[PDB]
Amino acid sequence: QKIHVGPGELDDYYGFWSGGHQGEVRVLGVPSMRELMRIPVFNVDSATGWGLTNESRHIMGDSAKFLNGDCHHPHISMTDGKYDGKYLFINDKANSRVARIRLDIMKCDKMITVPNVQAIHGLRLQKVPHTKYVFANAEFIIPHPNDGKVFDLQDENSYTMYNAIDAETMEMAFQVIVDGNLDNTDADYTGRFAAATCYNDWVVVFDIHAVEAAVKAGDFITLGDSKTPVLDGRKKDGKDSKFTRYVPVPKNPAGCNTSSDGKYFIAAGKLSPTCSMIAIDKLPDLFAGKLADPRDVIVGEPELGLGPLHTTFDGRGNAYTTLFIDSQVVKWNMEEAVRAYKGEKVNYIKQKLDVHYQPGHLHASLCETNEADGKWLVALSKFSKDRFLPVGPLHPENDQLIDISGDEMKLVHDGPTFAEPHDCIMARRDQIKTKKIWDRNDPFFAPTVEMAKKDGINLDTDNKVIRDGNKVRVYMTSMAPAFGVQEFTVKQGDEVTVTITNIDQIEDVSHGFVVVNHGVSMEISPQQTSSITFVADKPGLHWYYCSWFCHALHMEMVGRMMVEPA
Amino acid sequence: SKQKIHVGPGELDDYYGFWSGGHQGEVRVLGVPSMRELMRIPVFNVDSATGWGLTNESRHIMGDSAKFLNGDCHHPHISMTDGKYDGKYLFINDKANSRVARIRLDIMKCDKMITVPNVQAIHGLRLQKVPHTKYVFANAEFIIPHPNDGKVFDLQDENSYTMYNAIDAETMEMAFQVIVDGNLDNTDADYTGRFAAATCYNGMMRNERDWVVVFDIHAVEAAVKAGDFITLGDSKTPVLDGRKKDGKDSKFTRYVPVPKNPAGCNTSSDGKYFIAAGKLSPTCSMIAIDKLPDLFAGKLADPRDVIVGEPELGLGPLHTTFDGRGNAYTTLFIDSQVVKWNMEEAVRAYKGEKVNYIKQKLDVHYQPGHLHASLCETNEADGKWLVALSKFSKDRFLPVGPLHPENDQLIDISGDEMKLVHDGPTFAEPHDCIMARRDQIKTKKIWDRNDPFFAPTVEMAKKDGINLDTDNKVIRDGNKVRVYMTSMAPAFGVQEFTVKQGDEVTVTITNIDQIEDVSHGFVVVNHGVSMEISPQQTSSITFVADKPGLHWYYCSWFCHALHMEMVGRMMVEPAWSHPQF
Ligand code: CUA
Ligand code: CUA
Ligand code: NA
Ligand code: NA
Ligand SMILES: [Zn+2]
Ligand SMILES: [Zn+2]
């Protein structure tokens, strides 16, 4: 199979990598494993101005004050259990956020700080009938309220919550209080159930239908100043709530992965050298009180090796699980494991492949959908040791591409990556459709169009300087190789906003705008409007220039800001 | 020798590649020929992963410029001794905020940074080669008034100009600046230490308004030593005037006419030529370095007499590199090619001989700017690999929305025929890169406890009576709290501490693991705090505890099977329970 993409040939899949502790999302081509694009999210990007521009800071809201993020779990929206190419979602463990990326423009377009929680870690999407909810785990137990009166993590009001975000509006849908700490999560192939591993064990299963019914009936509380409906999924005096069931699983379980045939939530055993297989079609009976014991929903518990952490699927009936301690990927047959659990003498283990070294997550192509195609697998290992040239005290993660198309897994490529991406997701080339040039009506800069409208500005044509007290709003078009406004004058101390509309119509003619020695930088792609605000705190003449190479005469796309002394 | 071209699992790259991070502001370490990124080195960007731009150590190195979250990089170069890479430092420019940064290649971190005074936009940058990299040479691109205090905006005033800049590579303080006529583009240095050269351009309009300005560094140093210099503003940097005055040359410069708006300025690896790319002229011009002493001594009738070749190459020549076999390779931005040509044959053609100095034109994809052959900047130029960095990748990669990657194409030049081998997409237009042999780079896996990178922090701790290798203590000082802890996977040495709302909290962590690749992190949830601490490093970070209640901190970098348990809690007592101001 493939492996090599030579010059002039194109990759067959898109890969979306978490940016790890660096806070961005990265677009790779598969199988070449080359990085095609970086999408800034929680990081501040000098190149495009994300975190500096008004459009980006508007999307980030108050959290624009933070310059960091910590990403782990990238997932793509689905319709009828298949990737639909609309959105990517990702967590921020550092500042408790979820971000949405629009796959048509490859930019973060919405971001939410999850209220009344600390640290968004595990994250996955509803599959069916479509991605109505983003499900996100908050990892750390905190007091409620967290106002400094109570610090006791055993207090009855100290807990964490499972979080549901409306994928389309990017507002909170509901939160469910749980017992324990939440690790990973996944959803079924109907919309009724979701599940999460939780430590301090179990897999907690949520009846999303029951949660929704309670929200619609108004049977919920709110916490603090958030309107989010809050439901109590904890056990009370050994009694279950309508919303949750706690299924005992060993032991401090890690990954929680839904098989592509929709049959199983598979929890990785971590301390237990096993995975536990929860039969999704027994969950209705569990919630209806027809089973004697929550353990009755467990239909398999295969013994796999030391340190199972995560599981993925080839769509052919096999599961692939990382063994962190043994440092391998183990391929095993799920139905054979189920028969073994009944006492049948059958060997469900197909192969163990050594990986290098200490794998955490792994991801097979289309594995989160009923179209799982069994072509490529990436295992993301933490300790790369001698697999790459030494580069000082830090080391790259080793993301190893493995051909799973035949009976034998074959290691084909070691891909070093920065800041521990942790997990990734692949999509067929034909599942992703991107815009070549911006729509003038795009919501990404719609607030800036509205601001311009208030100033009487037609952004497609105008080159004007608006004076408003000590505020100056410069509006210009740009067309390589000239800025539409090549000089302007302000007073020292003025707050200057520069709004640039790139009116080039040629694909890939990106412009930039940098004000020398003012910390101002941003990108403006064809038909985009971008804006940036800074204080002209230095008298004298100050050059601005187009940063992105756009033309043979790129070096002459410059201008001058003249700042009259106070 | 037949060189490896693909690197399979378990095999290692043969060269390090140091890529400019372009408008993104970092430096990137690649493996060559795989073209895979092995590491990112934060420089002018703020890095969430390691905390560069957030930590006290990094902000101390950045100085006042730590207030900027952006940079614009182009020109990465490695220090040299006797015209060979010595693997000590890499330097790079910042065009956006007028800086030069130094990276220590043993720790792979930026260890020094300088804002060049009295200029705007540091663009071209290259290093002295011989006898070693004493100076970093850096062009400021834009003409500005002096002083630039808002009284005079006229760019044709007698005090409006830009300057060529020399920074002491070892001290990272300014050495001198030379005023020039026109705007400066690119620069390179000879193989003796006496000469450097830069491309620059700009009756009322003469035909001759494009040149390569040559600097007599020896003459510059003599004027500094004699005290024949001025200073500008509050900078003590010696400023020499290298402008032409009513046709008379200064002692410091000569202007060699070279068409037209010339771009690249590249010293051949045999030390014979400065080669300027003609850009708007479809040529390169070859300046004979061995004729420069005569030029400065007045033994030549015309500065053009130092030109010994001017090959016609194609449309839009921008940059030139060298295989060490006598061939030059030049990018053609408009024709979209790399052209291989023989330098000594171009020289013969300049004397009138009909000889075809052009050997091959290779199509590249598309619009190449800079290009770089392995070891090309040294007398060890080995003729193995060439990277051409092209601006418009068009359909060479899958579409990814309106913004596109640069196409950095790896080309095998080991034989007579250039062969295109790999298309490498890169983010934010790196522009240029530099390669070094694996054996020219020696990195540390474990920090030394006396490393200057965090020596200021060590000194601070000593004022508190702290032994950083052992102590787990919370020092209170008014409304400042200084937490000091060791860390050893999988535990922080301080797992809980209490402060008052509003306290300024500094957390200093010393990773006392002595095993390679056991990096720790430190993130305070919902406070915008994140940093790396590698084995034997001390790292520190300061933030305000502005929110009452219990606030978790955790180890971000995977360090241990029990990584998920490497957590702690900051308790913040509410302001209403303490004295009020
Ligand atoms: Cu616009 Cu370069
Ligand atoms: Cu220390 Cu993970
Ligand atoms: Na929002
Ligand atoms: Na400095
Ligand atoms: Zn994870
Ligand atoms: Zn350049």
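Quick note on labels: first sequence line is chain A, next is B, and so on, each numbered from 1. Side-chain atoms are counted along with the backbone in the values below, which use heavy atoms only and exclude waters and symmetry mates.
A:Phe151 touches chain B through backbone and side chain together, each having a heavy atom under 4.5 Å away. Heavy atoms of A:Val117 lying under 4.5 Å from chain B belong exclusively to its backbone. For B:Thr50, the part lying near chain A is the side chain, with the backbone staying farther off; criterion is any non-hydrogen pair under 4.5 Å. Contacts between B:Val529 and chain A at a heavy-atom distance below 4.5 Å involve the backbone alone (N, CA, C, O). Neither the backbone nor the side chain of A:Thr489 comes within contact range of chain B; no heavy atom of the residue lies under 4.5 Å from a heavy atom of that chain. Heavy atoms of A:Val150 lying under 4.5 Å from chain B are absent altogether. Contacts of A:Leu401 with chain B are absent, with no heavy-atom separation under 4.5 Å from either backbone or side chain. Interface residue A:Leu153: only side-chain heavy atoms are found under 4.5 Å from chain B. Neither the backbone nor the side chain of B:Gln536 comes within contact range of chain A, judged by heavy atoms closer than 4.5 Å. With a 4.5 Å cut-off on non-hydrogen atoms, B:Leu280 touches chain A through its side chain but not through its backbone. Proximity to chain A (any heavy atom under 4.5 Å) is restricted, for B:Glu532, to the side chain, taken from C-beta onward. For A:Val515, the part lying near chain B is the backbone, with the side chain staying farther off; criterion is any non-hydrogen pair under 4.5 Å. With a 4.5 Å cut-off on non-hydrogen atoms, A:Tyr544 does not touch chain B at all. Interface remark: A:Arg97 contributes no atoms to any contact with chain B (heavy atom separation under 4.5 Å). Heavy atoms of B:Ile441 lying under 4.5 Å from chain A are absent altogether. Only the side chain of B:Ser519 comes within contact range of chain A, judged by heavy atoms closer than 4.5 Å.
Atom-to-atom distance recorded for B:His23:NE2 and A:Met522:CE is 14.0 Å, nearest 0.5 angstrom. With values rounded to the nearest 0.5 angstrom, A:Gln118 atom CD is found 11.0 Å from B:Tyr554 atom OH.
Using a 4.5 Å heavy-atom threshold, the side chains of A:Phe418 and B:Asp47 count as touching. In this structure, the side chains of A:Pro565 and B:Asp149 stay at 4.5 Å or more apart for every pair of heavy atoms.
Atom NZ of A:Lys491 is surrounded by 12 or fewer heavy atoms from other residues, nucleotides or ligands within 6.0 Å. Other residues, nucleotides and ligands contribute only 12 or fewer heavy atoms inside 6.0 Å of the NZ atom of A:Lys410.
Note on ring orientation: taking the six-membered ring where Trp is involved, the planes of B:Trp552 and A:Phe140 are parallel (angle under 30°, cut-offs 30° and 60°).
Residues B:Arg40 and A:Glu35 are paired through a salt bridge, judged by an N-O separation under 4.0 Å between the basic side chain and the carboxylate.
Shown here for A:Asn517 and B:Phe68, the closest heavy-atom pair between the two residues is O-CZ, 3.4 Å. Here the closest heavy-atom approach between residue A:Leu36 and residue B:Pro425 is recorded as CD2-CG, 3.8 Å. For the pair A:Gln22 and B:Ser48, the tightest heavy-atom approach, listed with the atom from each and the gap, is O-CB, 3.4 Å. Of all heavy-atom pairs between B:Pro9 and A:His413, the closest is CG-N, 3.9 Å.
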Could you walk me through whether A:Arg429 and B:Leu398 satisfy the side chain to side chain contact (heavy atoms under 4.5 Å, CB included) test, starting with their C-alpha distance in whole Å, then the side-chain angles of each, then the deciding distance to 0.1 Å, before giving a yes or no?
CA-CA 8 Å; A:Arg429 173 183 177 181; B:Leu398 292 177; 3.6 Å; yes
Run the numbers on A:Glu139 and B:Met564 for side chain to side chain contact (heavy atoms under 4.5 Å, CB included), then give the verdict.
CA-CA 10 Å; A:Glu139 191 168 352; B:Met564 284 282 75; 3.4 Å; yes
Side chain to side chain contact (heavy atoms under 4.5 Å, CB included) between B:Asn148 and A:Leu541, intermediate numbers included:
CA-CA 7 Å; B:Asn148 192 21; A:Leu541 184 149; 3.8 Å; yes
Yes or no on side chain to side chain contact (heavy atoms under 4.5 Å, CB included) for A:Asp508 and B:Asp395, after CA distance, side-chain angles and deciding distance?
CA-CA 10 Å; A:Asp508 287 335; B:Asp395 65 339; over 6 Å; no
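The backbone N or O of A:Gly519 sits less than 3.5 Å from a side-chain atom of B:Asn97, completing a donor-acceptor pair. With hydrogens and angles ignored, the 3.5 Å screen pairs no side-chain donor or acceptor of A:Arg34 with any backbone N or O of B:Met35. With hydrogens and angles disregarded, no donor-acceptor distance shorter than 3.5 Å links the side chain of A:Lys436 to the backbone of B:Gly401. Listed for the A:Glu420 side chain is a donor-acceptor partner under 3.5 Å among the backbone atoms of B:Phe558.
Contact count against chain A (heavy-atom pairs under 4.5 Å) is highest for B:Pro402 among B:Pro402, B:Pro399, B:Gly150. Chain B forms the most heavy-atom pairs under 4.5 Å with one residue out of A:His554, A:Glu9, A:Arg26, A:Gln358, and that residue is A:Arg26. With respect to chain B, the highest number of heavy-atom pairs below 4.5 Å among A:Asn252, A:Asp11, A:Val44 belongs to A:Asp11. Of the listed residues (B:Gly521, B:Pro145, B:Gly316, B:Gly71), the greatest number of heavy-atom pairs within a distance under 4.5 Å of chain A belongs to B:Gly71. The choice from B:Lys279, B:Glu573, B:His365, B:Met571 that makes the most heavy-atom pairs within less than 4.5 Å of chain A is B:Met571. When each of A:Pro539, A:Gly23, A:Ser547 is scored by its heavy-atom pairs under 4.5 Å with chain B, the top score falls to A:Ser547. With chain A as the partner, the residue from B:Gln501, B:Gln409, B:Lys391 showing the most heavy-atom pairs under 4.5 Å is B:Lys391. Interface remark: of the candidates B:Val523, B:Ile107, B:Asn45, B:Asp72, B:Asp72 forms the most heavy-atom pairs closer than 4.5 Å to chain A. Ranked by heavy-atom pairs under 4.5 Å with chain A, the first of B:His431, B:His551, B:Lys444, B:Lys95 is B:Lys95. Chosen from A:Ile39, A:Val27, A:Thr113, A:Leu67, the residue pairing most often with chain B at heavy-atom distances under 4.5 Å is A:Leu67. Residue with the most contacts toward chain B among A:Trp548, A:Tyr14, A:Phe383: A:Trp548 (heavy-atom pairs, distance under 4.5 Å). When the candidates A:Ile142, A:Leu394, A:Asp104 are compared by the number of heavy-atom contacts under 4.5 Å with chain B, A:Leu394 comes out ahead.
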